[PDB]
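Undergrad: Here it is, the structure, as structure tokens.
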There are 2 protein chains.
Amino acid sequence: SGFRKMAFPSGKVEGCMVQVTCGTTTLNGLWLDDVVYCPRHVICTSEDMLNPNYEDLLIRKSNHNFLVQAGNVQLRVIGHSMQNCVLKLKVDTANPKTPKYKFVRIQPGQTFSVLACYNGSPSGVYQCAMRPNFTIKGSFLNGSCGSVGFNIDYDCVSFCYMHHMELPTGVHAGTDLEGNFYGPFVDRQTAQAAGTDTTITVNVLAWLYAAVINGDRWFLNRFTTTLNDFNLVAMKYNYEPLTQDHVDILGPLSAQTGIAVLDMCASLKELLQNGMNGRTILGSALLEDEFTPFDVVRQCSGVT
Amino acid sequence: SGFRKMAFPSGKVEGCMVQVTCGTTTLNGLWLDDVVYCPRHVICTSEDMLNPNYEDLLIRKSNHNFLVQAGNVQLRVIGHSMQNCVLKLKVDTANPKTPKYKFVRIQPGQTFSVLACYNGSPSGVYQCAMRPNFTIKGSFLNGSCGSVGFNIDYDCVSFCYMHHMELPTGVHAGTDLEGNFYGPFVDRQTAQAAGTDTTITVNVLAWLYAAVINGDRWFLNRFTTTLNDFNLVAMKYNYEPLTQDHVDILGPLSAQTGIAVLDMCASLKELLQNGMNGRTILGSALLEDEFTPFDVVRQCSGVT
Ligand SMILES: CS(=O)(=O)NCC[C@@H](C(=O)Nc1cccnc1)c1ccccc1
Ligand SMILES: CS(=O)(=O)NCC[C@@H](C(=O)Nc1cccnc1)c1ccccc1
């Protein structure tokens, strides 16, 4: 009973957080095996961020300039290199708390948990989605850079995000763990605008299925629609176009509830056209799009 | 930038979760030092739950009937006792991962994180509030009993909740770690209805302050009000009456933003009377009441 925006247990990731300081800049790092991963802008002063030449700034840095502290103990840095927008600091000790892990580059619409950190210490955990415009709507302040996003499959942590930047609009941008930004963003104090933040249609449908499973059914109607008809409505409301791939992924939810995907699309169509009329769905007064179909199945079945 | 429903990092609590089985019933336990805490209904069959005499059911149980498994290893049970609605199983080994901890009985309106578990294994973490009617709106399925709620002050975990029951209405009831239920609920398969779920006014005001800090300001108006005037409106909308104690707790937010508490009350009054008119506040289309004033300060300042 009940449905909540749930994050993965963060323990396995808390064991990897370290503090990295270079000169007067301090941020978070991720220690896995004998490498510490952190945003390359750790080498920048606030002045340097206006137009940084990272290769030139990195020449003036030696291994002893990167101060890495794991809780209360100092790690010895024996190598450093830049890969895209991240620095990889080779340390002389393998992290004993290193979990089984993978580095993955997620797709827009996919969800993940964020362990927000400051000074190498965890402050909290929340669930995010990579927006279709490649931004994330997080909760990050100065010093949170290097905090990571991840998913967990039983004992394996798949790291997908490292926080680097806040856009002047209050939304967030970052990289995968290979240092490649999601979207067109660059690690420079230049005004960079985000594109249209469209709604993740397949996620809204998955969340409507979660609502039916948990008892919220008022929005079910007597109608059906087609993909092309639904998509004319999705276009008008800045929703992502629904494809047969999305219908396929919703198959298990459709089978469990006995509500055909296109019938749920017709419920969604009427909700877009008529609004909620002051009613709520799973305690929300808007259509939630940060639950994937996999998230809904996982939460509704009890996967640990 | 940004404001999210954030949970505490759950690592310290994940280290305490164990599986407890008695006969054919399996639920979660909390292992702290040499004691495992779990709901007393672990001794019940599904038939027993209609009208259980726990003292009589417990007489037929010995230490060897309680199977406690910490991950893959079995704990030896050397004592057992019932305290209110919890069982305390004395084991022969102190949990090496026991954090600094306290047992606290929270007040309605206070928030906490829940580490939902199944078979002694964590599935996810989310943020809750103890409702004014002493229920929690969680996400729990059969087998989640024994999952706990907690807060963290730097290195100290304050345990406040243990999950026991789902009401026929889909809301949740449980105990503090001394086994005393929050509210009038009893651990019996009897229909028990929840009282009026009022809105936590001081939390909504705190969340309005979080909105102003993060840029969402459209709801600010040119009006003020008084506590008695505001409370006539709060009464009409099933909001908790606002007291001077609540105004006092909002003082730091009022000082930080320069918006007097009673002026924010007048913004809230107009929002209750006029609705949102299709607009959002911090990505929500309703007034959020599960952030305390302390939660807002902590998130907006970066406390780890
Ligand atoms: C103190 S630090 O080392 O964590 N970061 C300082 C610089 C960083 C930055 O302000 N990032 C930031 C601020 C607030 C929230 N989320 C992210 C930056 C990166 C790219 C272009 C411009 C600025
Ligand atoms: C399988 S178990 O041992 O975890 N619990 C079985 C009995 C429990 C129960 O169904 N609790 C429950 C179910 C679903 C979600 N949240 C809570 C119960 C407690 C009090 C009165 C009636 C029933």
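The first residue you see is number 1, and the count goes up from there.
Using N, Cα and C of the backbone, Cβ positions are placed for all residues, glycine too.
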Undergrad: Swiss-Prot tags one of B:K90, B:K236 as ubiquitin cross-link; which one?
TA: B:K90
Undergrad: Of B:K5, B:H41, B:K90, B:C145, listed here as recorded positions, which sit with their C-beta under 8 angstroms from a C-beta of chain A?
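TA: The answer, in sequence order, is B:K5.
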Undergrad: How would DSSP class B:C145 (active site, nucleophile) in three states?
TA: coil
Undergrad: Near ligand 2, which of the recorded positions show up if the criterion is a Cβ under 6 Å from one of its atoms? Options: B:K5, B:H41, B:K90, B:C145.
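TA: Correct list: B:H41, B:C145.
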Undergrad: List only the single closest residue to B:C145 (active site, nucleophile), chosen from the recorded positions B:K5, B:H41, B:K90 by CA-CA distance.
TA: B:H41
Undergrad: Can you grab the distance from B:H41 (active site, for 3CL-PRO activity) over to B:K5 (ubiquitin cross-link)? Cα atoms, rounded to a whole Å.
TA: 32
Undergrad: Go through B:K5, B:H41, B:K90, our recorded positions, and report the one whose Cβ sees the most other Cβ atoms within 10 Å.
TA: B:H41
Undergrad: Counting across all protein chains present, how many other Cβ atoms fall within 10 Å of the Cβ of B:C145 (active site, nucleophile)?
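TA: Within a 10 Å radius of the Cβ of B:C145 (active site, nucleophile) lie 26 other Cβ atoms.
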Undergrad: Roughly how many angstrom lie between the C-alpha atoms of B:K90 (ubiquitin cross-link) and B:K5 (ubiquitin cross-link)?
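TA: B:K5 (ubiquitin cross-link) has its Cα 36 Å from the Cα of B:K90 (ubiquitin cross-link).
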Undergrad: In the three-state scheme derived from DSSP, which category covers B:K90 (ubiquitin cross-link)?
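TA: It is in a strand.
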